[PDB]
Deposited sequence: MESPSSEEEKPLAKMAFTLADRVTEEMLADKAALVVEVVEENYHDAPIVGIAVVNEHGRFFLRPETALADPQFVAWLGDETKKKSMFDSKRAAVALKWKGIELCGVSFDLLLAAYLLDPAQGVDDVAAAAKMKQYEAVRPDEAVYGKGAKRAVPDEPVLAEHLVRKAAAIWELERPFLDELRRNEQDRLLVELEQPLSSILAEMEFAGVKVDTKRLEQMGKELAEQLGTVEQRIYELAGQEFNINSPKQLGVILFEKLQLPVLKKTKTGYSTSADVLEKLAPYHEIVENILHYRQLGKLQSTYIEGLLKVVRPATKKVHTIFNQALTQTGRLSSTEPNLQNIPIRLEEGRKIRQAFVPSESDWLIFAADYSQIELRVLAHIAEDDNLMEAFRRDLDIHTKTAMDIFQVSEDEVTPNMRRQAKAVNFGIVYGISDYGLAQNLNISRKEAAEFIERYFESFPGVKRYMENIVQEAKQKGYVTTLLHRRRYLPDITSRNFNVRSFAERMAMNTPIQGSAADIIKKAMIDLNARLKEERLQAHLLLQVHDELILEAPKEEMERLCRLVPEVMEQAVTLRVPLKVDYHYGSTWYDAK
């Protein structure tokens, strides 16, 4: 702990070297329109701290941030890039991101700050962020000398750690994953987050007013049926009503008491009509609390946009997640909740929403990977399963039936048991067991594959995706049944979900390149795991109908072709 640095009053030439570690510090977790509290630069010439008020109003420093030929190493460069966009400054030339490097080396470490990354290489010359800024109501920027040292120490760590991390990624054959996929993706995600999605608040507010009335109506009906008022949103109070007052059968318990899960309640429907009303009430309550009230809370009022943050270094399989607000779990399955999507509108007059999704991309990936003839030949496979489990005609398969059969296809291939399946379809365990057995004989390649991948994980201690993403599974040889079994099912699932994640990431990169090449105004707004959502002038729809599916299809080559479905409309709802 002895680190020399200049606390600079003004930007100098030697801070603008062609390679540098750069820290642009934002303390708030949600970095949209958040204060930049300090800057640190480390390069061959030395270590510098700059006050943002100075640096960011300095035309040479701004010029250097925006010069792609001046290469910067950082940690969480998307955070910096977006915070700078909100200050009206363009950040270019990021060549190394320690956050993403750590994530690829081992997603389980949960690396969230430079110190946590530094620990991976026994680098101790830097403090965790939480130790410097503090928690909750105590959270604050420290005295300048202490802030400056922290930011310089983070930059020095990035400076020293770049090579050891790159060296290890190369050993793992993952450097291209970092440099050619994840880092370019981060810049595209930064663009999407900053663009935001426009919301029709008048529509959303009116929906909430009508939902309020309907909640009250259903609530009173529940009270009438129960013979008493109680808090329907307390599973504890509800448990007393259902299982003590009304004396309904107890099908399941958790550590806190009687289960009132949707699965349990649906099975109690033939006992008392109050359970169906309660399920509906909790659905309506979620719509209001989360997708009306929670959404309106994060709308920026002047522009009516919502700006999600896509976490690129969180999931254990290589998927993104979306927070504050989560735009990857907007309702769609019930028409009631689906109507929320009518409030998601284009950001400009005479623009439209364009949505494109990979049709069953994951199952095609498994077909390719497991090398299964029957599955490939099938390449509707979900509808086909609903004809089987419900024993019906193809033109009698309701979108609820198909939805149920999709859950069965994914259940089975990823190791559901006879018990789970029996519960899911409310059928006999014998019948469920024979359903699973039949599936594995119908597709013997999938069967062989799932056996092999588990043994491979036991031998190596990890599993990998098509583009060499890695998940370590140290629990996989555990003496404990439940613990071992979970790890076995991650070996079955992670390579396929993770590979499907790799592919759509590549597609986003490819797509943006083409949009730029063709000088289109169309741009990405959202990714929802197997779907890309764009907005564009209405004139570009014709072109987008060919371009976007073209690019997605040709992202990778597999034994099975990738298929893209696409729709467009006035609102997200209408993009179906």
- Item | Deposited-sequence ranges lacking C-alpha coordinates, in sequence order | 1 to 12, 392 to 395
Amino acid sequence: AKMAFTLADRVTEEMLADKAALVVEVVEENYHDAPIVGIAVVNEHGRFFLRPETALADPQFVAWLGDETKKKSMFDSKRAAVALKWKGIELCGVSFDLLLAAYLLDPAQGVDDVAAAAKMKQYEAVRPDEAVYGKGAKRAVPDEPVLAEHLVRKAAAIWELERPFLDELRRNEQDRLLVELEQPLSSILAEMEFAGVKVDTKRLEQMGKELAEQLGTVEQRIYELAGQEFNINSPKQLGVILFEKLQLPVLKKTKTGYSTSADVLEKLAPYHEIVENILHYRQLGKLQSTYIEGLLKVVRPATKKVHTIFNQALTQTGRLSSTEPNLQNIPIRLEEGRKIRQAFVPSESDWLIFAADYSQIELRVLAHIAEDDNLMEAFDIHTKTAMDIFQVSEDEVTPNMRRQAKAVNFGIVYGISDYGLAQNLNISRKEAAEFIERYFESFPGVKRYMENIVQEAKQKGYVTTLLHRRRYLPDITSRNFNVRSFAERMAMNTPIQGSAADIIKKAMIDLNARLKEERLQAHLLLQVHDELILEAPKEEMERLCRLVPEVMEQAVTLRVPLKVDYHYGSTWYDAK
From here on, numbers count along this sequence of modelled residues.
- Given the B-factors recorded for C-alpha atoms, which segment has the greater mean, 28 to 36 or 536 to 544? 536 to 544
- Query: Hey, which bit's got the bigger mean C-alpha B factor in the entry, 552 to 560 or 18 to 26?
  - Reply: 552 to 560
- Note on the structure: The residue of 213, 418, 182, 76 with the maximal C-alpha B-factor according to the PDB record is 418
- Query: Which of these has the highest Cα B-factor in the record: 293, 434, 348, 244?
  - Reply: 434
- Query: Considering only modelled residues of the same chain, in which third does the CA B-factor of residue 276 rank: lowest, middle or highest?
  - Reply: lowest
- Query: In terms of the chain's CA B-factor thirds, is residue 475 lowest, middle or highest?
  - Reply: middle
- Once the chain's modelled residues are ordered by C-alpha B factor and cut into thirds, is residue 86 in the lowest, middle or highest one? lowest
- Task: Give the position of residue 440 by CA B-factor within its chain, expressed as the lowest, middle or highest third.
- Result: highest
- Message: Ranking every modelled residue in this chain by its Cα temperature factor as given in the entry, which third contains residue 331?
- Response: lowest
